[PDB]
Amino acid sequence: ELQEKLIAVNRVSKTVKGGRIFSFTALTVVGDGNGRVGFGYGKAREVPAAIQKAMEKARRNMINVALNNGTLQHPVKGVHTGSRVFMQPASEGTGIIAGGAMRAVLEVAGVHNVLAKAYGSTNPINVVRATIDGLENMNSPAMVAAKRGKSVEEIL
Amino acid sequence: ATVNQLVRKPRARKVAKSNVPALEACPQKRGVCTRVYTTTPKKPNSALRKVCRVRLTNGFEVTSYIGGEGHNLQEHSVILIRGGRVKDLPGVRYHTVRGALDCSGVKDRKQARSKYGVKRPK
Amino acid sequence: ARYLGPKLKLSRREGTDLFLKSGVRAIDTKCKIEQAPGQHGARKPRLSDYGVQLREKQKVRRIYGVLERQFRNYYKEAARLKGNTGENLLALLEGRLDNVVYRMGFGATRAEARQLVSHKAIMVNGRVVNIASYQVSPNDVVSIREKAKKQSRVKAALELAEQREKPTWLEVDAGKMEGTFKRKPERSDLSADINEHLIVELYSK
Amino acid sequence: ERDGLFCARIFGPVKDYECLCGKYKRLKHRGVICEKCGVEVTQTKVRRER
Amino acid sequence: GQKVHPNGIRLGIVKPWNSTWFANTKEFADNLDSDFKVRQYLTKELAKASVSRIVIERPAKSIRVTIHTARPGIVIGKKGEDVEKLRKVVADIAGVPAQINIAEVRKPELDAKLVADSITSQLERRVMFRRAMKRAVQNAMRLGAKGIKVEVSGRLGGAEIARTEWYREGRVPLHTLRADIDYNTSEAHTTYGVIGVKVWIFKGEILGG
Amino acid sequence: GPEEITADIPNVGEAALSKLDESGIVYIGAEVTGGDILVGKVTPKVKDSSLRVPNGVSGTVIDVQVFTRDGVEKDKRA
RNA sequence: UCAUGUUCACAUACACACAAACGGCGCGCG
RNA sequence: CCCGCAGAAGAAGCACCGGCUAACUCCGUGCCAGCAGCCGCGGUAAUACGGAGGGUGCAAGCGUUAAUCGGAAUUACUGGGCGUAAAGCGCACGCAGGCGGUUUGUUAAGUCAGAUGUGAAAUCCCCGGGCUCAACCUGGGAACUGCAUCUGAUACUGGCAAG
Ligand SMILES: [Mg+2]
Ligand SMILES: [Mg+2]
Ligand SMILES: [Mg+2]
Ligand SMILES: [Mg+2]
Ligand SMILES: [Mg+2]
Ligand SMILES: [Mg+2]
Ligand SMILES: [Mg+2]
Ligand SMILES: [Mg+2]
Ligand SMILES: [Mg+2]
Ligand SMILES: [Mg+2]
Ligand SMILES: [Mg+2]
Ligand SMILES: [Mg+2]
Ligand SMILES: [Mg+2]
Ligand SMILES: [Mg+2]
Ligand SMILES: [Mg+2]
Ligand SMILES: [Mg+2]
Ligand SMILES: [Mg+2]
Ligand SMILES: [Mg+2]
Ligand SMILES: [Mg+2]
Ligand SMILES: [Mg+2]
Ligand SMILES: [Mg+2]
Ligand SMILES: [Mg+2]
Ligand SMILES: [Mg+2]
Ligand SMILES: [Zn+2]
């Protein structure tokens, strides 16, 4: 029921006539454990505020994913700025074999058995972006049947 | 990239040089201190770091850091050197081993004794 | 090959009760169970993922009394075996002979059980077995020999066990001092507080 | 008192949607059965049903 | 840049004085000294009973002190043992007949001195400064301050480098003279040194004077 | 553990507490209405369980009485 | 037309929801 | 291997504790002495040097050095790029080479399918068995992704012939 966890919190600065202005960025990710996942990127002058903003953002604009029995539906690639990610469904009991950020998003989503790798850049924000894109861009056998105008048994 | 190109001339594995080529894939090596002196560190540090130019058994003339406070070294003193750089001194790639052939262990050390060739007090 | 040190210390560090003492006297009375071990115990830095996994692993290892090489080996074997790795690992740990004797109730602690096994007090299928790591198999009867049957410690242990909760996967006779290892215990029968999955991940990084 | 006329593992948990042994306190665990005391984590409403 | 004291900049106008007596220049310094002594004593004695504002007013060779305090019951004591004792000690210190009155602070969340003291106590007992300050501001806002500012300064969390942090909520118009700005200060004497607390509480904008 | 009577009630501000004295009992002659706290009792592990005037009723508080066990401390309303 | 500025050295970094209960004994109103 | 004797008796160290990385305080020194795998630490309050206490990790071992693969999608066949980050020959012509629109026929080299032979034993893996357990030994399988030969399919690619 909307379990959420913060991946990374990072301090960033702007410079002004006076001196430096520090601020914090919090990348959180929430999900219901049944398919729905949404990430949020909050920024505030102090960490707790940043985290709260991130949580609110994440809670809205979540996204549902067609998950098959607590794992992926087919091997899926995902790309974004630099973070290019590969993730493959694996047999029940393997557990989530997945990096950091990646592990978080998958875990909140509710996938229990995946083999992932983050290629390219591993910038948390981008990797989360990639993972969510990859998860979304994954249809189920119901969906493919609907698209092609067939029964699921014809497709298998 | 094109398979034809690869077929003609395949991809060269990147032959990585060693950072300790005087060892010649030996874990240590014996040498004779040609000369033992102090030298100034690189830019964000101040010290007088002890170092010795050593003629190795296999011909090479290296320079080796000498860790620990105080040492019994001079010319014609057979010592064993090991792999490891001092980031700090430019061009120094080897440590002397404290507690071998002709190097004493550090005095009054109670911690990391194994690293400094110091026997267990009682 | 054995941990030779304070036991409540181990428990304090982990957080949980590892059952390293007989339980006549409560551990809160025997030690400051609330306060963590050392000069700087009353401080809780936020623990990393690695750290948390390590702490749990330590907990299980301390509970059973397995050193690291042996534990790693157990994990490897469990992984090799078919089915779930964590479940398998727990089963192996339970299977250990010292653990089995403790479950049966001839030793107050696992330490006591281990000592008995070492000293050749315990026969598995009528053969004095000496190894604590000896894997007991299903349907294996394991019994106290008569010379150790006269041990007041053994009888005391039995009384303590009678107080304790009996395991479903063993059957033990207090007068005969013999127990039949009927089947390797299931995970639902074992304690839920152990998160074997963390151990598996740690040994899979 | 467990296995008495109110035992939370016979009938069900007392707290609103959370378990007695303390191990689980969130809807994610809904329907797990613990191994500290053995209670099922579920709607406390069902404590009047069973 | 260095701000003028809001009480001293507001005296007369919206704010009353904490001392109200006449004296010629012969007796003036002495009177001041007596006030300093008694005030110091009173704060020291009733620090635990939370004491917000002593108001001294002496007519006709006699002093009338008025202690504004969040919890009078502890200031008065049962049977009036402590009030009586204080009266007598105060009288001896002054050298005139004393009279103590005790004003009950109904809104101690809207009192700069009280807030500062609470924050200081927490700081002394090693709470997280930021958390304590946040709690103080939120509480005042909830209670209905038109605004509040709190500043803490120096060796925060035992950090080697000193810094000042401040939180503001609502409006706190310092340049408006008719603005009823309550202000006060305190110091937490921690193991790492002194840590200063300043607290402004904008009650609202008085138009009568 | 043992309860206290106090003005230091958690989770309530001077908006209500203005009618209690410093001990934790209402002033005599306080005029009161629904939800006014008459007696600021609190329970450990702190819970604000205090006597509030029940809904609907209203009146002037004409008197209070205080009763205490042996070996227990008084207060200035006692 | 109007050059130059010795060396190093810049922290703040985590609970949600929850508002009084059940039986005698009485008196009284309708 | 078994039995008996005595008595806790004869038997615990090594590294680390700023971050990565599990584990923090005090004293000593004061850009010195020193540390360091990386980033760095030390100029008078050193959780980074040295000592102490406490803790953490391994344990009859523990550290350091060397070396290989991994992480390194960092030689990218699976699985990289080339406007500005390293990277498009200054531009063309052109032999060897690489690739080749469309139709039909034939062939069967590539390709595919099946069979036969072989691919030593050991090793790896699986189910067993024996050493008290393990390591270790060991029975039987599986695997040994290969290679050769023969017999088929004509889709595609190749050859030859015609368009
Ligand atoms: Mg410098
Ligand atoms: Mg061993
Ligand atoms: Mg691996
Ligand atoms: Mg000025
Ligand atoms: Mg010049
Ligand atoms: Mg310059
Ligand atoms: Mg740590
Ligand atoms: Mg020092
Ligand atoms: Mg060191
Ligand atoms: Mg100094
Ligand atoms: Mg360090
Ligand atoms: Mg040190
Ligand atoms: Mg590679
Ligand atoms: Mg590249
Ligand atoms: Mg350029
Ligand atoms: Mg060019
Ligand atoms: Mg060009
Ligand atoms: Mg063609
Ligand atoms: Mg051709
Ligand atoms: Mg052919
Ligand atoms: Mg066997
Ligand atoms: Mg073979
Ligand atoms: Mg053709
Ligand atoms: Zn539970």
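Cβ sites come from the backbone with ideal geometry, for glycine too, and all protein chains shown count toward neighbours. Each reported figure results from applying straightforward, stated rules to the coordinates on display, with no laboratory input.
Centre-to-centre separation between the Cα atoms of the range E:1-60 and those of the range A:47-77: 61 Å. Using the Cβ-Cβ distance between C:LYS150 and E:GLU124 with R0 set to 45 Å, the FRET efficiency from 1/(1 + (r/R0)^6) comes to roughly 0.10. Just round it to a whole percent: the fraction of Cα-Cα distances in the range E:1-51 exceeding 14 Å. I get 69 percent for the Cα pairs in the range E:1-51 exceeding 14 Å. At most 16 other C-beta atoms within 10 Å and a DSSP loop state: those are the exposed GluC sites (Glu not before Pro) I care about. Give me the longest piece of chain A that has none. Within chain A, the longest run free of exposed GluC sites (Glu not before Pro) spans A:93-156.
Per residue, the Cα convex hull of the range E:43-110 amounts to 80 Å³. Counting every C-alpha pair in chain E, the share spaced more than 33 angstrom apart comes to 21%.
Arranged from fewest to most other beta-carbon atoms within 10 Å of their beta carbon, E:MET128, C:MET177 become E:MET128, C:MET177.
Taking amide H atoms as placed 1.01 Å from N in the peptide plane, the amide H of B:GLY67 lies under 5 Å from those of B:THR96, each 5 or more residues away in sequence or on another chain. Rounding to the nearest 10 and keeping the result within 0 to 90°, find how far the Cα-based axis of helix E:25-45 lies from the longest principal axis of chain E. For helix E:25-45, the angle is close to 60 degrees. Computed on the Cα trace of chain B, the radius of gyration divided by the Kirkwood hydrodynamic radius gives Rg/Rh = 1.18. Scaled against the 2.2 N^0.38 Å expected of a compact globular protein of N residues, the Cα radius of gyration of chain C reads 1.05.
The three principal axes of the Cα atoms in the protein assembly as shown give end-to-end lengths of 107, 85, 80 Å, sorted in falling order. Per residue of the protein assembly as shown, the DSSP helices (runs of n ≥ 4 H) give a summed -39500 (n - 2.57) that works out to -8000 deg cm²/dmol at 222 nm. Against the main long axis of the alpha-carbon atoms of chain C, helix C:85-95 sits at an angle near 40°. Dividing the convex hull volume of the alpha carbon atoms of chain A by its residue count gives 121 Å³ per residue.
Set the Cα radius of gyration of chain F against 2.2 N^0.38 Å, with N its number of residues, and you get 1.10.
Partner shielding of F:22-28 amounts to 3, given as the average count of beta-carbon atoms from other chains within 10 Å of each residue beta-carbon. Modelled spin-label separation between F:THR60 and C:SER191, with each label point placed 7 Å from Cα along the Cα-to-Cβ direction: 6.7 nm. How far is the Cα center of the range C:1-75 from the Cα center of the range E:117-160, in Å? The range C:1-75 and the range E:117-160 have Cα centres spaced 38 Å from each other. For the range B:62-119, a/c is not less than 1.5, where a ≥ b ≥ c are the root eigenvalues of the C-alpha gyration tensor, and a/b does not top b/c. That puts it in the oblate class.
With a 10 Å cut-off around each Cβ of D:35-47, the average count of Cβ atoms from other chains is 1.
Remark: A:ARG129, B:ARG82, D:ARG48 ranked as D:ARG48, B:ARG82, A:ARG129, counting other beta-carbon atoms within 10 Å and listing the fewest first. Taken over the Cα atoms of the range E:117-176, the convex hull encloses 84 Å³ per residue. For the residues of E:71-84, the average number of beta carbons from a partner chain within 10 Å of their own beta carbon is 3.
For chain D, the Kirkwood hydrodynamic radius from C-alpha pairs, put into Stokes-Einstein at 10 °C and a viscosity of 1.306 mPa s, yields a diffusion coefficient of 152 µm² per second. Taking only the alpha-carbon positions of the range C:94-180 and ignoring solvent, what does the Debye formula give for the base-10 log of I(q)/I(0) at q = 0.15 Å⁻¹? So the normalised log intensities are -0.43.
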